[PDB]
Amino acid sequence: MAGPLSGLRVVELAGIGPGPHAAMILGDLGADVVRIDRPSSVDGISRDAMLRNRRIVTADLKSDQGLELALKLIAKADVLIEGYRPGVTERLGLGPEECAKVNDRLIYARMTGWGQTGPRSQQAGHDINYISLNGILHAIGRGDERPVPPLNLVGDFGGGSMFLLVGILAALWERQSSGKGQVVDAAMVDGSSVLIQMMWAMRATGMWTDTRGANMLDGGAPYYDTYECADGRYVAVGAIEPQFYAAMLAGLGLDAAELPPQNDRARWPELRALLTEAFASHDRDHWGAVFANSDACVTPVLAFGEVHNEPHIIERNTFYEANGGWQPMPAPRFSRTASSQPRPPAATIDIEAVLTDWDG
């Protein structure tokens, strides 16, 4: 199996959202990932490309046999991922303490939103709930409208799965010294809060306010925002640094002498009006050409369906084709132990065949 995590063995108790995303990335980087779903599901080969780089197996964990075949896999594995409410694995007899008895090297990875304890620990939730409580959601969107969810990118993935991954891999490093596993408690409310640590730092130094749409990076700055073009499509401007901003202005055909200063926030309404009228005078692909090799920080805002035509995307093979659509190649990239193209989802496998393959 190709990639830096070759030899790593992973047992994933099937869930939704961050847990399968984390499991995917371990698989992506070479890990041997075994996913235990309930038979209630099954039903053929999965259409969900997030379940790539997996072996799938069936098991009623509520039964005695299920529980024991599962504990057999866990006994022979480096990592367990579960993303159920707190107490589910305990009551099932797959809790940490029970796993510690059959394998004290195990990294026991717990993926939740609210965490393992506290008042909200038993409430159902999704990404939007977790980022609502820690100030993130309130900061996203235009000032003149209600907050808009940044899909499920910030709580589920950036502040969820990715912190689970770091925990798993950090614990594997620790196990090199200690000879012992441990429990990783990844909560989306905490992970997403560390993801936005910059804003908490700037807030303390007065460089970020709680007013939505009135900061440097939330759309409030005319030089960090999107602009509608003549064709109704968009470009993105990110020209924070003065030397990039000056390059953007020159490409737009605006003389700096006729504009207010870049960072005179009292005159941001005028500046936005000027930039708005300028960008609106030609179509997106015009601006794309004008700025193509520049430091002006102006890029076309592409829709998913257009991404496969962008030369830079094509040439670095960011994407690969699979089953009526592109999918992202693994990230990040490794010079010596490169990842391979992901294996598509396969048919289920018997849990015994796996215990056998894993030496048994």
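One-based numbering along the sequence shown.
* To do: Give yes or no for this: do at least a third of the other compared entries, each modelling residues before and after residue 324, lack coordinates for it?
  => No; none of the other entries leave residue 324 out.
* Unresolved residue 44 in a third or more of other entries flanked by modelled residues -> Yes, a third or more of the compared structures omit it.
* Asked: Do the CA atoms of 228-236 or those of 88-96 have the higher mean B-factor in the entry?
  -> Comparing 228-236 with 88-96, the higher average CA B-factor belongs to 88-96.
* Averaging only over Cα atoms, indicate whether 68-76 or 259-267 has the higher B-factor in the PDB entry. => Comparing 68-76 with 259-267, the higher mean C-alpha B-factor belongs to 68-76.
* Identity of residue with top Cα B-factor, from 329, 303, 296, 56 -> Answer, based on the entry's C-alpha B-factors: 56.
* Could you look up the Cα B-factor of residue 157 in the entry and say which third of the chain it sits in: lowest, middle or highest? => Tercile = lowest for this residue's CA B-factor.
* Asked: Mind checking which third residue 181 falls in for C-alpha B-factor across the chain?
  -> Highest third, going by the recorded CA B-factors of the chain.
* Quick one: classify residue 123 as lowest, middle or highest third of the chain based on its Cα B-factor. => It belongs to the middle third of the chain when residues are ordered by C-alpha B-factor.
* Asked: What third of its chain, lowest, middle or highest, does the C-alpha temperature factor of residue 19 fall into?
  -> Within its chain, residue 19 is a lowest-third residue by C-alpha B-factor, going by the deposited values.
* Among all modelled residues of this chain, ranked by Cα B factor, put residue 175 in the bottom, middle or top third, i.e. lowest, middle or highest. => Ranked within chain, residue 175 CA B lands in the highest tercile.
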